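Protein chains in written order, with PDB author numbering: chain F, 2 to 244; chain E, 164 to 217; chain P, 1 to 125; chain Y, 176 to 436; chain H, 327 to 380; chain V, 358 to 428; chain Z, 2 to 242; chain A, 202 to 267. Everything on this sheet refers to the single structure shown next.
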Ligand SMILES: Nc1ncnc2c1ncn2[C@@H]1O[C@H](COP(=O)(O)OP(=O)(O)OP(=O)(O)O)[C@@H](O)[C@H]1O
Ligand SMILES: Nc1ncnc2c1ncn2[C@@H]1O[C@H](COP(=O)(O)OP(=O)(O)OP(=O)(O)O)[C@@H](O)[C@H]1O
Ligand SMILES: [Mg+2]
Ligand SMILES: [Mg+2]
């Protein structure tokens, strides 16, 4: 009763309850996946068309940080955007002192340390977002997914949203089919497939698919949006597969 | 007991499921759950499924 | 972030006495024993050593310390609040008698410096 | 409803722990004579609801073949008071005569009320019928040819005199079936039914976790309804993937997340 | 039931109530259909347009 | 003294760790020492079976003055 | 109620709030063992691998602080990295402020003190970590320091931490009776890792392949952890003996 | 057994007092007029408000007259 009320007070048995509660917010959000490839990394999110009044490709939820790190999130959608600010502030701060873009493992650590503060004190609220962010630098590609607790892990692939289960089982099967790492050029196509399957869950409102990629081979380490003809080939490929 | 013997059918007039405006899909799922594992109990026994208890 | 225990956490009982002061002694009574005997030409202070395992070597931990070269001190109660309390003590002995009279403090005066810390750990929220 | 040794697949280690208590000193009392520990007796089963505490009771009553008595606890409270004491006294005598005998108390949440006895007079009918089970189980009385297996949902209703080891040797917690103890549950229930030739389960179930055994046998019922619409005689691997996404959804409607002792 | 959030967590599960079916508020179609189901018995005119009311 | 044990098995280790126990929770642990032995099949109640039955059915129990810093 | 929500005394006189940190720890269930050699320290811990989708490198509960100090964490990993952060800061700092790199013991002290300042403030939750420092001082030889979120700490021949740590302690107590002396008499650091893994397999009863171990070794003026290949070299030497 | 509060006792000539007469009194005295329309006659009626206006003063009145 009184451990339920409180923030940042340990339960008798030893767990924080409001970390657990903060997970709920991740499952309300829409699907998003990352796929780590041999070249770099692909990001993709399901953007729900909740009315005929929204405009197409103008209410983009994919947001870069610097010019080599893709970011898309699930949780509470204002609360996402403010962590994409925080990231920018730290990114930029590193470029002043050490004159080089920030390394991707380092980008992870400091971003995490912010989340961690809001479970240290009782006075601000534990952040209600699970994020995917990653990109390529000199060490290579890295994928990360950050949980509201303040924990990240590296991954061959990761996913988040209400349709995480349906993507997690295909993602094993894209570690079996291609055990040496598929090319990122193949993986535009493979990304679409995994959104079109995890849309039966959110089949309530029709969708619009968004991919983006950052890889050393294609885009010269510069994160971009897949657009025009390359976006048309991936759409028609996953649509005719799942029907 | 005498409470259970009164609870027993008395034939209540149907209102018909077609005069219940809207809610098309809710009538099918209800029909699927209660009415059709009684009548078609051969196609549950070939398949090998159990009937939904409620 | 924002401290919101600006108010005091100690208050008088509607029966008189401060509630937390009284508790704090019962925690001292649980502790390890130790003793002190004043003699004519010296003092003796001494405590036992309570470990968890014979794996824990207790030689490394010191429960008797020096404040100044002439004033030692021994304790019972919360192990960690001894660690910091002795530090706070050594440090403010030095910033109130090492600069301003050279010599280490007389023994009455050092006791009183320690006493200011305690009172004050009850006044601030 | 009987079934032989198998019960909860994937927990054959837990099946042996119940036989250590029941079947090993029953058949051969010569192994507990030499070691010198007083014979055990008493097992409590508790876990997330929907897990087949009840299916194991059928497994250990069929195979042993000793006399079985399935006594629901809410099915011996009667209108007459002092009659729910006299009955249950006569049953412990009964288990001594017909030895070896096993008494399965099922749904002990009814007479799990604690001290209380400030509320209604019904709360003092419990306490008076429970004191008699306490001195009959342990007192001067100590019946050597009786075994008790007790099934309870929430294991914190219980009065603190029934939590209490030495009444009740093993305190078994049944776990929500494991990583591939949900998958062992699924391979015996898809044998029964007609499958196209389906073996694609493997990832799909593991990712639909959070599943009690009672929600694993609801997904084969829902995969033979998606089949009935198509008019199929076998379950497609598309009907199975429609059902697991459906079972989890509805099973998430409620959930305390019942945390064991 | 009217409120489902206070149903027991061993009454709410499978083996016991197999299907858990939800009765959504009539959408546009449902709304329109309702107004037609009661107005039918009573007297109607060519003026009544049940889409205007829905 | 009733049951059998090896002189390898020593009870005295278990006396000093935990300081709250009732007599019934000492009748169970010995039950649980001779059932772990029944899975090895080693007639004598070893020091592995006796130490493994103690570590089971003890719970969080951090009340004991041991799980502390008030010392 | 309100007594146990913040960090004030209970009516008994126990600070139950701190004791809820103690049980907060064991959620990962990583066992670890460390021991003092003649001139090198070893620390080993279990590598839990929860999936196959996760990259196995990042999974790591061994942190390097500095060119001397390795620090093994048993607890949640969100607190772990805040623990190593504030360690790194201070360890760095100490070189600047005091003219030489920070000794083992000294770091153990500062991390105790910091944990204590969260015990008095009614708006910081205590960290749930138990930290194990390992290093090789110049003077005090191989040393190990076990610290805890109350602020309490002591020196140790060999220590463990994890759900099953009572099994592991009792092995060590048999052995440092038979040696009749402080530490394993072994010059080669490789051959101390062998002796550790044998008394861990004893205690957990469970074997270890090259993807269940994390092994950290400390030597004089160098701290390194061991690669997937080098884990399998110290394991082939046990098995062929 | 028939209260003595009569039906003119209640204050004002409000239209609200006639609504009590259009849900209870009128369809039972003449079910001829609610049979021609086809409507299910309204059977309920709630009386609510601040005290002192007679919620029980108009429910006695309607028990005398009907
Ligand atoms: N382990 C299992 N193996 C095969 N079938 C199972 C298993 N567990 C549950 N079931 C299925 O679930 C149904 C109901 O479960 P059961 O009644 O045995 O669970 P329970 O834990 O006793 O729950 P409760 O007593 O709360 O109703 C069973 O009759 C069976 O179809
Ligand atoms: N509208 C009215 N016209 C004339 N007299 C009124 C009116 N409303 C109230 N009264 C007078 O006030 C007396 C008491 O009011 P009454 O007890 O009916 O209040 P109530 O509305 O039932 O409030 P509550 O039920 O909350 O106490 C009546 O017996 C009557 O004499
Ligand atoms: Mg049952
Ligand atoms: Mg009234």
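Each residue gets a CB set at the ideal place from its N, CA and C atoms; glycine is no exception.
Interface flag, residue i vs chain P, CB-CB below 9 Å
i                      : result
residue 125 of chain F : yes
Same chain, Cβ closer than 6 Å to residue i, five either side skipped, listed in chain order
i                      : result
residue 91 of chain F  : 111
residue 224 of chain Y : 328
residue 242 of chain A : 228 and 235
residue 19 of chain F  : 8 and 127
residue 343 of chain Y : 217 and 219
residue 190 of chain F : 235 and 238
residue 222 of chain Z : none
Contact test: residue i Cβ vs ligand 1 heavy atom, cutoff 8 Å
i                      : result
residue 215 of chain E : no
residue 429 of chain Y : no
Any non-hydrogen atom of ligand 4 closer than 8 Å to residue i Cβ
i                      : result
residue 257 of chain A : yes
Closer than 8 Å: residue i CB and nearest ligand 3 heavy atom
i                      : result
residue 346 of chain Y : no
residue 433 of chain Y : no
residue 414 of chain Y : no
residue 177 of chain Y : no
residue 234 of chain Y : no
residue 389 of chain Y : no
residue 187 of chain Z : no
residue 358 of chain H : no
residue 332 of chain Y : no
Nearest-angstrom Cβ-Cβ length linking residue i and residue j, presumed shorter than 8 Å
i                      : j                      : result
residue 242 of chain F : residue 169 of chain F : The pair is not a contact, with the Cβ atoms about 19 Å apart (cut-off 8 Å).
residue 122 of chain P : residue 10 of chain P  : 5 Å
residue 9 of chain F   : residue 121 of chain F : 7 Å
residue 39 of chain F  : residue 223 of chain F : That belief does not hold up - the Cβ atoms of residue 39 of chain F and residue 223 of chain F are roughly 18 Å apart, past 8 Å.
residue 198 of chain F : residue 171 of chain F : 7 Å
residue 241 of chain Y : residue 275 of chain Y : 4 Å
residue 12 of chain F  : residue 4 of chain F   : 5 Å
Check: residue i C-beta below 8 Å from any heavy atom of ligand 2
i                      : result
residue 254 of chain A : yes
residue 210 of chain A : yes
Min CB distance residue i to chain Y below 9 Å
i                      : result
residue 164 of chain E : no
residue 176 of chain E : no
residue 342 of chain H : yes
Same chain, Cβ closer than 8 Å to residue i, five either side skipped, listed in chain order
i                      : result
residue 334 of chain Y : 287, 288, 289, 290 and 305
Closer than 9 Å to chain E by CB, residue i
i                      : result
residue 371 of chain H : no
residue 402 of chain Y : yes
Any chain V beta carbon closer than 9 Å to residue i
i                      : result
residue 329 of chain Y : no
residue 80 of chain P  : yes
residue 20 of chain P  : no
is_contact[residue i, chain F] using C-beta, thresh 9 Å
i                     : result
residue 11 of chain P : no
residue 16 of chain Z : no
residue 62 of chain Z : no
Closer than 9 Å at the beta carbon, the chain D residues around residue i
i                      : result
residue 426 of chain Y : Protein chains F, E, P, Y, H, V, Z and A are contained in the structure displayed, whereas chain D is not.
Within-9 Å CB hit, residue i to chain H
i                      : result
residue 332 of chain Y : no
residue 182 of chain E : yes
Close Cβ partners of residue i (< 7 Å) along its chain, the five nearest in sequence each way excluded
i                     : result
residue 49 of chain P : 58
**Message:** Give me the subset of the segment 347-367 of chain H whose CB atoms are less than 9 Å from a CB atom of chain E, sorted by chain position.
**Reply:** 347, 348, 349, 350, 352, 353, 355, 356, 357, 358, 359, 360, 361, 362, 363, 364 and 366
**Message:** Using a Cβ-Cβ cutoff of 9 Å, what residues of the segment 16-50 of chain F are near chain Z? List them in chain order.
**Reply:** Of all residues in the segment 16-50 of chain F, only 16, 17, 20 and 37 come within less than 9 Å of chain Z when Cβ atoms are compared, listed by chain position.
**Prompt:** What are the residues of the segment 372-388 of chain Y that lie near chain F, defined by any Cβ-Cβ distance shorter than 7 Å?
**Reply:** 378, 379, 382 and 383
**Prompt:** Between the segment 133-162 of chain Z and chain P, which residues of the former have a C-beta closer than 7 Å to a C-beta of the latter?
**Reply:** 151, 152, 153, 155, 156, 157, 158, 159 and 160
**Request:** May I ask you to list, following chain order, the residues of the segment 169-186 of chain Z that have a beta carbon less than 8 Å from some beta carbon of chain P?
**Result:** 170, 173, 174 and 177
**Prompt:** Listed in chain order, which residues of the segment 110-125 of chain Z have Cβ atoms closer than 9 Å to some Cβ of chain P?
**Reply:** 110, 113, 114, 116, 117, 118, 120, 121, 122, 123 and 124
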